[PDB]
Structure formats: structure tokens, C-alpha cells
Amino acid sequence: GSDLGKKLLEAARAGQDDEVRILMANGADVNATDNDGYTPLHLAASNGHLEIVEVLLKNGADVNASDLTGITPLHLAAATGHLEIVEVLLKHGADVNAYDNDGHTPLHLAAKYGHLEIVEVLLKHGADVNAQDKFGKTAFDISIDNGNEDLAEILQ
């Protein structure tokens, strides 16, 4: 890293709020990246650690960092169903229409895992309802293909 870089990735992933605060105060690189291209923000967002996601943003974390597969923190929070985190990312500049390597946007991932509120929030924040992935699928297609018809109804 960082030495501290690496430690901050681990703390953010683990959700150790005090550890994250102490590591940052001692100079830890808020945008440290591991071998998957994850940043502390990716890990904290994926694992549902809200307070960490917040303090990382307030201290310079790149809200749109892309990992090796083209996935951003917003993609992870939408896929894993962390609604409040999705809202915080969006409030801090997250690109609502980020495209990963497979051409999946946050809307596509939320649709795939049946996270209805997230889909609504993303659409309220400018998600392209007609976006298609590398398979020609829209969020709507994905919602019915995965048995999520209640989501299909709002994408429709």
C-alpha cells in the first residue's frame, strides 16, 4: 500500500469503525486497492458498513472507482441489497449508469437479485431503464428471467 493501505481495506471490509478512523488519522490511503481492484469503499459498501462508507466519502474516497471487472461501489451495494448505502453513494456523485465488463449497470444487478426499493431509488436518480447488457437484456428482461415480477412491474 500503504501497509496502512492494506490495513484500511481490511478494516473497511470487516466493518471496524474505530479502526478505520484510527488508520485514516494516521495517513492510510483512502483509495488503496487490492488484487481484485477493490477499494475500502467497495468492500464497505458490499458488506453493508454504512458509517464506514460515509467517513470514506467524506475523506476523499473515489465514489466511482472501478474494480478489475468494471464494478463500482454502487454496483456492489445495488447487487447486495444495501439500500441506504445505495442512497449515500448516489448522494455523493455515484454514476447511476456505470457499465461493468459484462455491460451490467447497477439497475441490472438490483433487478437480478430482486431488490425492489433499490430499483426504485436508482430510477428516481436517473437510471437508464432501457440500458442493455452484453446479452441484449434490459433490467426488465432480467427481472422476469429471475422471477422478480414485482420488480418487472415498476420497470415496465
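Counting begins at 1, following the sequence as shown.
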*Which of 28-36 and 41-49 has higher mean CA B factor, as the PDB entry lists it*: 28-36
_Mean C-alpha B-factor comparison - 65-73 and 126-134, higher one_ = 126-134
*Can you work out whether the C-alpha temperature factor of residue 55 puts it in the lowest, middle or highest third of the chain?*
middle
*Ranked against its chain, the third holding the CA B-factor of residue 104*: middle
*asked:* Going by the CA temperature factor in the PDB record, which third of the chain does residue 18 belong to: lowest, middle or highest?
replied: lowest
*Lowest, middle or highest third: where is residue 94 by Cα B-factor in its chain?*
middle
*asked:* Ranking every modelled residue in this chain by its Cα temperature factor as given in the entry, which third contains residue 116?
replied: highest
